[PDB]
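As a starting point, one isolated chain is supplied in structure tokens, in the form deposited in one PDB entry.
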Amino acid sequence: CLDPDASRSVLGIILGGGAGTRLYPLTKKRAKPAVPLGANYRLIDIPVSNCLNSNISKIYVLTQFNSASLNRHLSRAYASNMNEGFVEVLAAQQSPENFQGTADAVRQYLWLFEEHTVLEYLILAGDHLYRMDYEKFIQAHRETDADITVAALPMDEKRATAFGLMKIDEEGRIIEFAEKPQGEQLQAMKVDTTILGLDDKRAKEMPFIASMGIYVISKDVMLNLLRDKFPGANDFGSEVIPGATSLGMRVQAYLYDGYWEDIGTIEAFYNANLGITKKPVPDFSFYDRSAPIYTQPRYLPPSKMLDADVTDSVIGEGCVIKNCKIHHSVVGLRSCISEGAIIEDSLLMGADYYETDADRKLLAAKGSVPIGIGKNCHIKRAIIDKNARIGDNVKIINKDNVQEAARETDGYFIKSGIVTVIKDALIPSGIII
């Protein structure tokens, strides 16, 4: 428990719109927080939900640019029902026509954040797949009298490079910090993860304590660090966190034990998404009796299946599936899948609306193709973004096993060997990718 309660003492600040290319092309026609997730959600639903389910109701979403789409989702899913909570988007730019780092994004709105009578700021990333009760995270921050509390966990040697690593004393206080080190520096960070609880067998298998990129910073400390101490810092992990320690500030670590995946990259995203189909039980479920992941109420009808053979898959709401075959895939909301289509190890983002039988009549008369997966199509190891018009006989098998290829003009982009059809893209029948 906490006192004062988190509701009135903790402010949530989500770092969403990274303004990068890591998830390109999923971020080509939309704000990063809006990227579709798990058949029925969007990235931003993960941190907003965890907050709400943690009794945190004052939330700000820091993103690159305003998006009518994003606001509409946030407004309809959260704004409606928070005695004074809120979920507000704070855009960095006045347009999508332009860079900026996390510490820069926070300093920009320091004048607004400091107006809140709160004891701490909860800083979350907007692209991690995980369930966490932030009250225990904050509880640890208050009991250790920490200036900054960094969430951490065991990390293997392969990924250790992509993270900020640390070393803690028996109290969990952070004694040594290093942002994405490598070489001698990376090996020098290897530590005994037995103090974390790891038996011994899997402790030498993960001799690293990696930062999860989320933090609890006491109000005045934040203002102090960003305005006075490091007015020139751009990133938290790379500059603010290391700087705070070097100054001798109380930097505490908090050990997380649940599931946790950063899905900021295409491959990671892809694997995480198909990860909800694994049996007997997936490492992460959006639904939880106690702490479920929320999303926008859509009142879509129950999915229709004409003649479908579905194995190891999850099906979103309001799908219209004909005589087809779906395997080890995630079928997004409002997905239309035609006759003879074959979907394998894929992620179908679905669609934003339904075309009418009349809409589909005009398209044909013009040689265009309807939203959805066309007849006798083969979709394999792909990410089909929203409203994609995939013509008949299209096959996305990437025969040659090409790893990368930027083909925006042809409607796709290949990354890590994954073919991602862009949003609203049309892919003519007969095309083979």
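Each residue number is its position in the shown sequence, starting from 1. Only the largest set of C-alpha atoms that superpose within 1.5 Å between the two forms is called the rigid core.
Where residue 98 is followed by residue 99 in the displayed chain, the model omits 1 to 3 of the deposited residues that sit between the two. The entry models residue 82 and residue 83 with a gap of 4 to 9 deposited residues left without coordinates. Stretches 404 to 412 and 35 to 43 differ in mean C-alpha B factor, with the higher average recorded for 404 to 412.
Judged by mean Cα B factor in the deposited record, 174 to 182 ranks above the other of 115 to 123 and 174 to 182. The entry assigns its greatest Cα B factor, within the set 335, 271, 194, 102, to 194.
Per the deposited coordinates, the residue with the largest Cα temperature factor out of 151, 162, 349, 266 is 162. Per the PDB record, residue ranking by Cα B-factor puts residue 370 in the middle third of the chain. Ranked by Cα temperature factor within the chain, residue 93 sits in the highest third according to the deposited record. Looking at the C-alpha B-factors along this chain, the one for residue 18 belongs to the highest third. Residue 146 sits in the middle third of its chain by CA B factor, as recorded in the PDB entry.
Looking at the C-alpha B-factors along this chain, the one for residue 312 belongs to the lowest third.
Beyond the structure shown, there is the form deposited in another entry, which is absent from this document and is the topic of what follows.
After superposition on the rigid core, the C-alpha displacement between the shown form and the other one reaches 2 Å or more for just one residue among 228, 220, 170, 309, namely 170. Once you line up the core between the shown form and the other one, the Cα of residue 273 stays within less than 2 Å of where it was. Remark: with the core as the superposition reference, the CA shift of residue 198 between the shown form and the other one reaches 2 Å or more. Core-superposed comparison between the shown form and the other one: the C-alpha position of residue 188 differs by no less than 2 Å. Between residue 135 and residue 199, the Cα distance is smaller in the other form than in this structure, by no less than 3 angstroms. Look at residue 254 and residue 199: in the other form their Cα atoms come 3 Å or more closer than in this form.
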